[PDB]
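Asker: Here goes the first bit of my complex:
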Amino acid sequence: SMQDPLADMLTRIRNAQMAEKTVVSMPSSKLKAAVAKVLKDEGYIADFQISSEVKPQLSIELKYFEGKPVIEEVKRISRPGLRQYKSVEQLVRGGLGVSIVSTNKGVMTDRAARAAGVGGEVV
Amino acid sequence: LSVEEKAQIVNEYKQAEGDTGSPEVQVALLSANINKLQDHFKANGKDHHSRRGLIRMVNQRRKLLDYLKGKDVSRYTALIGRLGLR
Amino acid sequence: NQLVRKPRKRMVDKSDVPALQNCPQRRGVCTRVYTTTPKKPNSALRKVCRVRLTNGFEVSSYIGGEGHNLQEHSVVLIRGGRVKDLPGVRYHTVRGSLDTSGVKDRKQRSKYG
């Protein structure tokens, strides 16, 4: 069955950055599909517009950042054992746009004290 | 299996009349069909391709009962006291 | 999860020097001293000594001199090291618990003018 929904975000995003698709819609959920808010605050804007009533599908407005897209590699999820539960030992790839974090209080990255979760990089 | 058998096994397991889908009705529709097919496989014992459609009905009933037992044992004890199960 | 339920077992590597069990040298006694012929590209008449080692093991050692005198019950030390031509030998008789002789002058294991 389908049993990792935010790796299905990051794959529907990735396969449409791999195409030249403008918009990705997907029936995804609360705060870990305000992973999408983090990913398209730090990053760019979208409309991003979670929009229905009882099948609330969110629609990332991907855009193509001149020539070839800015998402090169995203996924890096955890679902079992694939995992980040870190205490700062978390990603630093260029030290930039770093890594969505998915735990106990609020989805953010690298600004406050500590407490890791999981996601993956813009570039 | 018949049209009027399957309408009447619905009728005494209903639980809020529009219902045909509760695990009461489904276990009762399965248990009746399992019993009536046991006549077939005494007479037709070489039919393995239809045993598999029966073993699917046994396993579909066991999952529905494990569902209902973990969820509401009062509906489980009443259903198991009907149907001659366990 | 498959790794958690049985982990990755590392493969042991056996010694290619089975006799002299984790020892650098190990003396024996020469059962028989003889010559055998090399593997297919090579040709010589190379002196071996079948030695019965003091572990009860019984191996064939090479005599790497330019002429020796290990006379059929000598008390050689052997050491590890295969001789690629001779099929099925794995050891060298060291040269200097019994005999060393010759000229060698470009030495060990040798004699000393």
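Answerer: All right, it came through fine. Numbers count the residues shown, from 1 in each chain, chains lettered A, B, ... in the order given.
Asker: Count the residues that sit near the nearest residue to residue A:79 once chain neighbours are set aside.
Answerer: Beyond its immediate neighbours in the sequence, the residue positioned closest to residue A:79 (C-beta to C-beta, 6 or more residues apart in numbering or on different chains) is residue A:4, lying 4.4 Å away. C-beta coordinates here come from the backbone N, C-alpha and C atoms, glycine included. Summarising burial for residue A:4: neighbours were counted as other C-beta atoms under 10 Å in any protein chain shown, giving 14.
Asker: what does residue A:77 give?
Answerer: Other residues close to residue A:77 by other C-beta under 10 Å number 20.
Asker: what do you get for residue A:41?
Answerer: Going by other C-beta under 10 Å, the residues that sit close to residue A:41 add up to 12.
Asker: same thing with residue B:50?
Answerer: By the criterion of other C-beta under 10 Å, residue B:50 has 12 neighbours.
Asker: pretty sure it is in contact with residue B:33, am I right?
Answerer: No - if you go by C-beta atoms under 8 Å, residue B:50 and residue B:33 don't touch, sitting 12.0 Å apart.
Asker: Let's add RNA strand D too:
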RNA sequence: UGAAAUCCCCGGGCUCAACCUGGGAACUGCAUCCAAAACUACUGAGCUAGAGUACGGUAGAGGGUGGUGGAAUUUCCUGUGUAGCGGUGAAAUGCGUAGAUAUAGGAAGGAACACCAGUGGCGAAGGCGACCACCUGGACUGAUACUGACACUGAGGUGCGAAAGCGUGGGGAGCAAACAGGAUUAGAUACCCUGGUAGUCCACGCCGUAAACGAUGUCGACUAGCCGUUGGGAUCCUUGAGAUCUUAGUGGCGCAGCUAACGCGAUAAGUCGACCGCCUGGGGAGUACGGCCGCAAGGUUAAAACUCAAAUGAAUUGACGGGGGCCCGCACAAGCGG
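Answerer: Placed with the earlier chains, RNA strand D looks like this:
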């Protein structure tokens, strides 16, 4: 709390350095306590998108039990009839005071179902082809109503598994391991011929294996197109001779991407996820020994000693072929001569 030494950074003493030493850091750990509540737990209530139920409607070699057919082979009777059996890389066995391939004929018996037949269909796989009836499984499909995560996978386990084999009993046309001859060849133990018992067929029981293959685990989500086809459905001026989109299958190309290459490419070998099985150089070897299973044949689980520096994949150039296609020359035979 993690002893001290050690290790490490900064110093001090050894004539320098080993070494000795002070102080720090580190000991990534552990337990307790206090706080937070993005998230994979748990507890309470929900929701309908996964999954299942009711209801029509088709399509199908899905299965099981019986029965009925028709074509052909063989073997039997009876009729008509007269020398034979110029297969093939080449001939040898069954026939005429016993009629010889054989009739325009009849009967019996098994066994397989031409045409339809289709990169067609159905089934979990193995598989399943005549027709009709009965008993039955699953899919596909259309709307509507219901249940409300009931799901996915699956070590063990337990079922079902081509063929051939194996008991035990029917059956026995045709075909035919074994085997008899007859050829062919140094031989021929074979390929060819003429026969032909097991077996193939039916019933019940066993085995449990195959190049059991798509050499590709199952489930789910996403990612350019074009051309067929099967079962549905819906829209299209509509005659359909039809057309378009939509689903579930089955195929042919091919963009991205991946790949060692070949190639795969919405039926992924792409992009990801959940779980399982498996692999670790070639031989030894899927073999010994043990255990389990089998009536047996044997299966399954499964090594080491020893041995060698390799085996192996895919593509490239050549050479070669009792591979194919083109082409040539007194190469093939016209009015030469040992």
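Asker: how about residue A:55, phi and psi?
Answerer: Backbone dihedrals for residue A:55, given as degrees, to the nearest 10, come out at phi -130, psi 70.
Asker: contacting residues around it?
Answerer: With contact set as C-beta atoms under 8 Å, 6 or more residues apart in numbering or on different chains, residue A:55 has these partners: residue A:27.
Asker: where's it relative to residue A:40, distance?
Answerer: According to C-beta to C-beta, to the nearest Å, residue A:55 stands 21 Å off from residue A:40.
Asker: Then residue C:95?
Answerer: In this structure, residue C:95 lies at 79 Å from residue A:40, with C-beta to C-beta as the measure.
Asker: can you check residue C:30 too?
Answerer: Counting by C-beta to C-beta, the separation of residue C:30 from residue A:40 is 84 Å.
Asker: Repeat that for residue C:57.
Answerer: Computed with C-beta to C-beta, the distance linking residue C:57 and residue A:40 is 74 Å.
Asker: Who has more neighbours out of the two?
Answerer: Comparing residue C:57 with residue A:40 by neighbour count (other C-beta under 10 Å), the higher total belongs to residue A:40, at 19 against 14.
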